[PDB]
$ cat my_file-v3.txt   # compact mmCIF, N, CA, C and O atoms
# COMPACT_ATOMS: atom_id res chain seq x y z
N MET A 1 69.49 75.97 -36.34
CA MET A 1 69.48 76.48 -34.95
C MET A 1 68.14 76.13 -34.29
O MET A 1 67.10 76.69 -34.66
N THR A 2 68.16 75.16 -33.35
CA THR A 2 66.98 74.73 -32.59
C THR A 2 66.64 75.75 -31.47
O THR A 2 66.84 75.51 -30.28
N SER A 3 66.12 76.91 -31.91
CA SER A 3 65.76 78.05 -31.04
C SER A 3 64.42 77.79 -30.31
O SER A 3 64.23 78.21 -29.16
N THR A 4 63.50 77.08 -31.00
CA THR A 4 62.25 76.61 -30.40
C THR A 4 62.56 75.62 -29.27
O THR A 4 61.94 75.67 -28.21
N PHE A 5 63.58 74.76 -29.49
CA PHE A 5 64.05 73.79 -28.49
C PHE A 5 64.70 74.50 -27.28
O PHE A 5 64.56 74.03 -26.17
N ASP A 6 65.42 75.62 -27.52
CA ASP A 6 65.98 76.48 -26.44
C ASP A 6 64.86 76.83 -25.44
O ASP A 6 64.99 76.63 -24.23
N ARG A 7 63.74 77.30 -26.01
CA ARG A 7 62.53 77.69 -25.28
C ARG A 7 61.90 76.49 -24.52
O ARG A 7 61.60 76.59 -23.33
N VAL A 8 61.72 75.36 -25.24
CA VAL A 8 61.04 74.14 -24.71
C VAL A 8 61.85 73.48 -23.57
O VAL A 8 61.28 73.06 -22.56
N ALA A 9 63.18 73.44 -23.74
CA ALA A 9 64.10 72.82 -22.78
C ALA A 9 64.22 73.67 -21.49
O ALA A 9 64.49 73.14 -20.41
N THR A 10 64.02 75.01 -21.64
CA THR A 10 63.86 75.94 -20.50
C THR A 10 62.59 75.58 -19.70
O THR A 10 62.63 75.50 -18.47
N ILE A 11 61.48 75.33 -20.44
CA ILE A 11 60.16 74.98 -19.86
C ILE A 11 60.24 73.67 -19.03
O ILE A 11 59.71 73.61 -17.92
N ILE A 12 60.93 72.65 -19.58
CA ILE A 12 61.15 71.35 -18.90
C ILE A 12 62.01 71.55 -17.64
O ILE A 12 61.77 70.93 -16.60
N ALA A 13 63.02 72.42 -17.76
CA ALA A 13 63.92 72.79 -16.65
C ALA A 13 63.17 73.52 -15.51
O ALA A 13 63.57 73.44 -14.34
N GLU A 14 62.07 74.23 -15.86
CA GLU A 14 61.17 74.89 -14.89
C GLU A 14 60.24 73.86 -14.20
O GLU A 14 59.98 73.95 -13.00
N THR A 15 59.75 72.89 -14.99
CA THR A 15 58.73 71.92 -14.55
C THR A 15 59.33 70.82 -13.65
O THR A 15 58.87 70.59 -12.53
N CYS A 16 60.37 70.15 -14.17
CA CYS A 16 60.99 68.96 -13.54
C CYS A 16 62.16 69.33 -12.61
O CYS A 16 62.60 68.48 -11.82
N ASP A 17 62.67 70.58 -12.74
CA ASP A 17 63.84 71.09 -11.97
C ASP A 17 65.10 70.28 -12.31
O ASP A 17 65.95 69.99 -11.46
N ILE A 18 65.21 69.94 -13.59
CA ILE A 18 66.40 69.30 -14.17
C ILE A 18 67.14 70.36 -15.02
O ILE A 18 66.48 71.11 -15.75
N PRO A 19 68.50 70.49 -14.91
CA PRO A 19 69.26 71.51 -15.69
C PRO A 19 69.06 71.31 -17.21
O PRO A 19 69.05 70.18 -17.69
N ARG A 20 68.89 72.43 -17.94
CA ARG A 20 68.61 72.42 -19.40
C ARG A 20 69.69 71.63 -20.20
O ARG A 20 69.40 71.06 -21.25
N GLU A 21 70.92 71.62 -19.67
CA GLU A 21 72.09 70.95 -20.28
C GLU A 21 71.89 69.41 -20.41
O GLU A 21 72.46 68.79 -21.32
N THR A 22 71.07 68.81 -19.52
CA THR A 22 70.77 67.35 -19.56
C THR A 22 69.74 67.02 -20.67
O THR A 22 69.53 65.85 -21.02
N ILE A 23 69.09 68.06 -21.19
CA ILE A 23 68.04 67.96 -22.21
C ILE A 23 68.66 68.32 -23.57
O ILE A 23 68.94 69.49 -23.83
N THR A 24 68.95 67.30 -24.39
CA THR A 24 69.46 67.47 -25.76
C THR A 24 68.30 67.28 -26.76
O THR A 24 67.30 66.65 -26.40
N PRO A 25 68.37 67.85 -28.01
CA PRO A 25 67.26 67.72 -29.00
C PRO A 25 66.98 66.25 -29.40
O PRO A 25 65.85 65.89 -29.70
N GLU A 26 68.02 65.40 -29.34
CA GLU A 26 67.91 63.97 -29.68
C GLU A 26 67.24 63.14 -28.56
O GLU A 26 66.86 61.99 -28.80
N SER A 27 67.09 63.74 -27.36
CA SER A 27 66.50 63.07 -26.19
C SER A 27 65.04 62.66 -26.46
O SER A 27 64.24 63.45 -26.96
N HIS A 28 64.74 61.39 -26.16
CA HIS A 28 63.38 60.87 -26.15
C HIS A 28 62.85 60.99 -24.71
O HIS A 28 63.44 60.42 -23.79
N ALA A 29 61.77 61.79 -24.55
CA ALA A 29 61.10 62.06 -23.25
C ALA A 29 60.93 60.78 -22.40
O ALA A 29 61.51 60.68 -21.32
N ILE A 30 60.21 59.78 -22.95
CA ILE A 30 59.98 58.50 -22.27
C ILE A 30 61.11 57.50 -22.63
O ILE A 30 60.88 56.48 -23.30
N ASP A 31 62.35 57.86 -22.26
CA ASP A 31 63.56 57.00 -22.41
C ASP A 31 64.77 57.72 -21.78
O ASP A 31 65.16 57.42 -20.65
N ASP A 32 65.31 58.71 -22.52
CA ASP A 32 66.58 59.39 -22.20
C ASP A 32 66.42 60.29 -20.97
O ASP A 32 67.22 60.23 -20.03
N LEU A 33 65.35 61.11 -20.98
CA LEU A 33 65.05 62.05 -19.88
C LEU A 33 64.26 61.35 -18.76
O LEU A 33 64.13 61.91 -17.66
N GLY A 34 63.72 60.14 -19.05
CA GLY A 34 62.98 59.34 -18.06
C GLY A 34 61.68 60.00 -17.59
O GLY A 34 61.22 59.78 -16.47
N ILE A 35 61.11 60.84 -18.46
CA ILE A 35 59.87 61.57 -18.21
C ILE A 35 58.65 60.64 -18.43
O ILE A 35 58.48 60.10 -19.53
N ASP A 36 57.85 60.46 -17.37
CA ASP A 36 56.57 59.72 -17.43
C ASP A 36 55.52 60.52 -18.22
O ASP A 36 55.67 61.72 -18.42
N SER A 37 54.44 59.83 -18.63
CA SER A 37 53.31 60.44 -19.35
C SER A 37 52.58 61.48 -18.47
O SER A 37 52.14 62.53 -18.96
N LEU A 38 52.48 61.17 -17.16
CA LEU A 38 51.85 62.05 -16.16
C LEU A 38 52.69 63.33 -15.90
O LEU A 38 52.14 64.39 -15.60
N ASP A 39 54.02 63.20 -16.02
CA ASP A 39 54.97 64.32 -15.85
C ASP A 39 54.98 65.20 -17.12
O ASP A 39 54.97 66.43 -17.04
N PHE A 40 54.94 64.52 -18.28
CA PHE A 40 54.96 65.14 -19.61
C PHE A 40 53.66 65.90 -19.89
O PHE A 40 53.64 66.79 -20.73
N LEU A 41 52.57 65.50 -19.19
CA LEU A 41 51.26 66.17 -19.27
C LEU A 41 51.39 67.65 -18.85
O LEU A 41 50.88 68.55 -19.54
N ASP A 42 52.09 67.90 -17.73
CA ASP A 42 52.27 69.26 -17.16
C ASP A 42 53.28 70.08 -17.99
O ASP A 42 53.12 71.30 -18.13
N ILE A 43 54.32 69.40 -18.52
CA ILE A 43 55.30 70.01 -19.44
C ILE A 43 54.58 70.51 -20.70
O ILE A 43 54.77 71.66 -21.13
N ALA A 44 53.71 69.64 -21.25
CA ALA A 44 52.91 69.91 -22.45
C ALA A 44 51.92 71.06 -22.21
O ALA A 44 51.66 71.85 -23.11
N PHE A 45 51.39 71.12 -20.97
CA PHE A 45 50.50 72.21 -20.52
C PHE A 45 51.26 73.55 -20.46
O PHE A 45 50.70 74.60 -20.79
N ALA A 46 52.53 73.50 -20.02
CA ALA A 46 53.37 74.71 -19.87
C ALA A 46 53.86 75.23 -21.24
O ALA A 46 54.11 76.43 -21.39
N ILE A 47 54.00 74.32 -22.23
CA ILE A 47 54.33 74.67 -23.63
C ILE A 47 53.10 75.32 -24.31
O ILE A 47 53.20 76.36 -24.97
N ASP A 48 51.94 74.66 -24.12
CA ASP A 48 50.59 75.13 -24.52
C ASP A 48 50.36 76.58 -24.05
O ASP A 48 49.93 77.46 -24.82
N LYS A 49 50.71 76.80 -22.78
CA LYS A 49 50.59 78.08 -22.08
C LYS A 49 51.57 79.14 -22.63
O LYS A 49 51.19 80.30 -22.85
N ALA A 50 52.84 78.72 -22.85
CA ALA A 50 53.93 79.62 -23.25
C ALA A 50 53.71 80.21 -24.65
O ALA A 50 53.60 81.43 -24.81
N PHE A 51 53.64 79.32 -25.66
CA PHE A 51 53.59 79.71 -27.09
C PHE A 51 52.18 80.20 -27.50
O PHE A 51 52.03 80.81 -28.57
N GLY A 52 51.17 79.93 -26.66
CA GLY A 52 49.77 80.27 -26.97
C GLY A 52 49.17 79.33 -28.00
O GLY A 52 48.30 79.72 -28.80
N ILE A 53 49.65 78.08 -27.98
CA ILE A 53 49.23 77.00 -28.89
C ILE A 53 48.48 75.94 -28.09
O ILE A 53 48.34 76.07 -26.88
N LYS A 54 47.97 74.90 -28.77
CA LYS A 54 47.48 73.69 -28.10
C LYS A 54 48.21 72.48 -28.66
O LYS A 54 48.23 72.30 -29.88
N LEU A 55 48.84 71.70 -27.77
CA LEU A 55 49.37 70.38 -28.11
C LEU A 55 48.22 69.36 -28.00
O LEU A 55 47.75 69.10 -26.88
N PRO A 56 47.70 68.79 -29.14
CA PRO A 56 46.68 67.72 -29.09
C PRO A 56 47.33 66.36 -28.76
O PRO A 56 47.35 65.45 -29.58
N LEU A 57 47.85 66.27 -27.51
CA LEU A 57 48.63 65.12 -27.00
C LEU A 57 47.78 63.83 -27.09
O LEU A 57 48.28 62.76 -27.45
N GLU A 58 46.47 63.98 -26.79
CA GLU A 58 45.48 62.90 -26.87
C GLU A 58 45.41 62.30 -28.30
O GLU A 58 45.46 61.08 -28.47
N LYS A 59 45.34 63.19 -29.32
CA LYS A 59 45.23 62.77 -30.73
C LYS A 59 46.58 62.26 -31.24
O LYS A 59 46.61 61.38 -32.08
N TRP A 60 47.67 62.81 -30.71
CA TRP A 60 49.04 62.40 -31.05
C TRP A 60 49.29 60.93 -30.64
O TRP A 60 49.94 60.17 -31.38
N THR A 61 48.72 60.54 -29.49
CA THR A 61 48.68 59.15 -29.04
C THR A 61 47.86 58.30 -30.05
O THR A 61 48.30 57.23 -30.45
N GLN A 62 46.71 58.85 -30.49
CA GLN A 62 45.82 58.19 -31.48
C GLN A 62 46.49 58.07 -32.87
O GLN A 62 46.16 57.15 -33.63
N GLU A 63 47.42 59.00 -33.19
CA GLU A 63 48.21 58.95 -34.44
C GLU A 63 49.10 57.70 -34.43
O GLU A 63 49.18 56.97 -35.42
N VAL A 64 49.74 57.46 -33.28
CA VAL A 64 50.57 56.27 -33.05
C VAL A 64 49.72 54.98 -33.06
O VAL A 64 50.12 53.96 -33.65
N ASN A 65 48.54 55.05 -32.43
CA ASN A 65 47.62 53.91 -32.25
C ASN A 65 47.03 53.43 -33.59
O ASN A 65 46.78 52.24 -33.78
N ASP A 66 46.80 54.38 -34.52
CA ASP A 66 46.18 54.07 -35.84
C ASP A 66 47.26 53.94 -36.94
O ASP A 66 46.95 53.50 -38.06
N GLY A 67 48.51 54.30 -36.61
CA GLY A 67 49.63 54.21 -37.56
C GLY A 67 49.73 55.41 -38.49
O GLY A 67 50.38 55.33 -39.54
N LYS A 68 49.08 56.52 -38.11
CA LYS A 68 49.17 57.81 -38.81
C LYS A 68 50.57 58.44 -38.65
O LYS A 68 51.06 59.11 -39.56
N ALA A 69 51.20 58.21 -37.47
CA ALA A 69 52.53 58.77 -37.16
C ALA A 69 53.26 57.88 -36.15
O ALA A 69 52.69 56.93 -35.59
N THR A 70 54.55 58.20 -35.93
CA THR A 70 55.43 57.49 -34.99
C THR A 70 55.40 58.21 -33.63
O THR A 70 55.18 59.42 -33.56
N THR A 71 55.65 57.44 -32.55
CA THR A 71 55.67 57.94 -31.17
C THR A 71 56.83 58.93 -30.96
O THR A 71 56.72 59.91 -30.22
N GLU A 72 57.94 58.65 -31.65
CA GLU A 72 59.17 59.45 -31.61
C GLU A 72 58.97 60.86 -32.20
O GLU A 72 59.69 61.80 -31.86
N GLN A 73 57.93 61.02 -33.04
CA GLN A 73 57.62 62.32 -33.67
C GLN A 73 57.07 63.34 -32.66
O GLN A 73 57.04 64.55 -32.94
N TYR A 74 56.62 62.85 -31.50
CA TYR A 74 55.97 63.68 -30.46
C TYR A 74 56.73 63.58 -29.13
O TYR A 74 56.61 64.46 -28.27
N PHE A 75 57.51 62.50 -28.96
CA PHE A 75 58.24 62.22 -27.70
C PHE A 75 59.77 62.30 -27.89
O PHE A 75 60.50 61.88 -27.00
N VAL A 76 60.25 62.81 -29.04
CA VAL A 76 61.67 63.26 -29.18
C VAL A 76 61.67 64.79 -29.26
O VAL A 76 60.85 65.36 -29.95
N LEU A 77 62.62 65.44 -28.56
CA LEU A 77 62.58 66.88 -28.27
C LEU A 77 62.83 67.79 -29.50
O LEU A 77 62.31 68.90 -29.54
N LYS A 78 63.61 67.32 -30.48
CA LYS A 78 63.87 68.06 -31.74
C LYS A 78 62.60 68.09 -32.61
O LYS A 78 62.28 69.08 -33.26
N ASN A 79 61.87 66.96 -32.55
CA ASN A 79 60.73 66.66 -33.42
C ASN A 79 59.44 67.22 -32.80
O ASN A 79 58.52 67.63 -33.50
N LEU A 80 59.43 67.24 -31.46
CA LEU A 80 58.38 67.87 -30.66
C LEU A 80 58.48 69.38 -30.83
O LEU A 80 57.47 70.02 -31.07
N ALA A 81 59.71 69.93 -30.74
CA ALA A 81 59.98 71.36 -30.96
C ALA A 81 59.60 71.77 -32.39
O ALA A 81 59.18 72.91 -32.61
N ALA A 82 59.75 70.83 -33.34
CA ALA A 82 59.30 71.02 -34.73
C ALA A 82 57.76 71.07 -34.81
O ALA A 82 57.22 71.93 -35.49
N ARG A 83 57.08 70.16 -34.08
CA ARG A 83 55.59 70.10 -34.01
C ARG A 83 55.01 71.39 -33.38
O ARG A 83 54.02 71.92 -33.86
N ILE A 84 55.68 71.86 -32.32
CA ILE A 84 55.37 73.12 -31.61
C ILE A 84 55.53 74.31 -32.57
O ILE A 84 54.62 75.12 -32.69
N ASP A 85 56.66 74.33 -33.30
CA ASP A 85 57.00 75.38 -34.29
C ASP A 85 55.97 75.42 -35.43
O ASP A 85 55.61 76.50 -35.92
N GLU A 86 55.45 74.23 -35.81
CA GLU A 86 54.36 74.09 -36.81
C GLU A 86 53.07 74.74 -36.28
O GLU A 86 52.40 75.46 -37.01
N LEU A 87 52.76 74.46 -35.00
CA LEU A 87 51.54 74.93 -34.33
C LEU A 87 51.62 76.44 -34.00
O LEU A 87 50.59 77.07 -33.82
N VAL A 88 52.85 76.99 -33.91
CA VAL A 88 53.07 78.44 -33.70
C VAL A 88 52.77 79.21 -35.01
O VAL A 88 52.12 80.27 -35.00
N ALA A 89 53.23 78.64 -36.14
CA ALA A 89 52.94 79.16 -37.48
C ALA A 89 51.44 79.02 -37.82
O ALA A 89 50.86 79.89 -38.47
N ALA A 90 50.85 77.91 -37.35
CA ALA A 90 49.42 77.60 -37.55
C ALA A 90 48.53 78.56 -36.74
O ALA A 90 47.59 79.14 -37.28
N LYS A 91 48.87 78.73 -35.43
CA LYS A 91 48.05 79.54 -34.50
C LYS A 91 48.08 81.03 -34.89
O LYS A 91 47.13 81.74 -34.62
N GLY A 92 49.18 81.46 -35.56
CA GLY A 92 49.28 82.82 -36.10
C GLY A 92 48.08 83.21 -36.99
O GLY A 92 47.77 84.40 -37.13
N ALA A 93 47.42 82.19 -37.58
CA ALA A 93 46.22 82.37 -38.40
C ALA A 93 44.94 82.53 -37.54
O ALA A 93 44.16 83.45 -37.77
N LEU A 94 44.75 81.64 -36.54
CA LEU A 94 43.45 81.49 -35.83
C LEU A 94 43.59 81.43 -34.29
O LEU A 94 42.78 80.77 -33.60
N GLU A 95 44.58 82.15 -33.73
CA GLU A 95 44.73 82.26 -32.26
C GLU A 95 43.62 83.17 -31.69
O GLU A 95 43.28 84.19 -32.28
N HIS A 96 43.04 82.76 -30.55
CA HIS A 96 42.09 83.61 -29.81
C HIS A 96 42.88 84.68 -29.05
O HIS A 96 43.99 84.40 -28.57
N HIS A 97 42.30 85.89 -28.96
CA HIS A 97 42.98 87.08 -28.41
C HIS A 97 43.20 86.94 -26.90
O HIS A 97 42.34 87.29 -26.09
N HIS A 98 44.34 86.33 -26.56
CA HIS A 98 44.89 86.29 -25.20
C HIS A 98 46.13 87.17 -25.20
O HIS A 98 47.00 87.00 -26.07
N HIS A 99 46.21 88.11 -24.24
CA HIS A 99 47.35 89.02 -24.09
C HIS A 99 48.64 88.19 -23.92
O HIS A 99 48.82 87.49 -22.93
N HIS A 100 49.51 88.26 -24.95
CA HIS A 100 50.71 87.44 -25.06
C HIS A 100 51.71 87.81 -23.95
O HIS A 100 52.28 88.90 -23.95
N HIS A 101 51.86 86.89 -23.00
CA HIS A 101 52.83 86.97 -21.90
C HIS A 101 53.33 85.54 -21.61
O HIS A 101 52.49 84.67 -21.31

$ encode --input "my_file-v3.txt" --output "structure tokens"
Amino acid sequence: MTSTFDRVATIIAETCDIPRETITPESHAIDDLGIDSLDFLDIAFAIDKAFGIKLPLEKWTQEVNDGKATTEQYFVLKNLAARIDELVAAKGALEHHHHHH
């Protein structure tokens, strides 16, 4: 059950004003959804804001550039939701005290 993706696809539907139904977990941001890097910046900011995590989008690009990881691992919605879910479990250890809303 891609419940993290339920949350993320709601966020994209708020940002781009595209219905959540057009956003499937298999969708590649810079292909299927036609989301630019400049558009995905604000989506990534709204995810960062929502879950109380940080998406290191800059370093994720560097992962692809150095061959540490694939571009699809950060720009496909099932795999991005997985990365977010990893960072939610991670931040549970060392999150700074911001009133969760």

$ closest_residue --input "my_file-v3.txt" --among "A:13, A:45, A:19, A:26" --to "residue 79 of chain A" --atoms "only N, CA, C and O atoms"
A:26

$ closest_residue --input "my_file-v3.txt" --among "A:52, A:29, A:36, A:67" --to "residue 90 of chain A" --atoms "only C-alpha atoms"
A:52

$ axis_aligned_box --input "my_file-v3.txt" --around "segment 79-89 of chain A" --padding-each-side "4 Å" --output "JSON"
{"center_x": 56.2, "center_y": 73.5, "center_z": -34.6, "size_x": 19.3, "size_y": 21.6, "size_z": 15.8}

$ select_by_dssp --input "my_file-v3.txt" --residues "chain A" --states "alpha helix (DSSP H)" --output "PyMOL selection string"
chain A and resi 3-15+37-51+57-66+72-75+77-94

$ residues_near_point --input "my_file-v3.txt" --point "(65.9, 72.2, -20.0)" --cutoff "8 Å" --atoms "only C-alpha atoms" --output "MDAnalysis selection string"
chainID A and resid 6 8:14 18:23

$ atom_distance --input "my_file-v3.txt" --atom1 "atom C of residue 96 of chain A" --atom2 "atom O of residue 15 of chain A"
27.0 Å

$ atom_distance --input "my_file-v3.txt" --atom1 "atom N of residue 47 of chain A" --atom2 "atom O of residue 63 of chain A"
22.3 Å

$ atom_distance --input "my_file-v3.txt" --atom1 "atom CA of residue 3 of chain A" --atom2 "atom CA of residue 92 of chain A"
17.9 Å
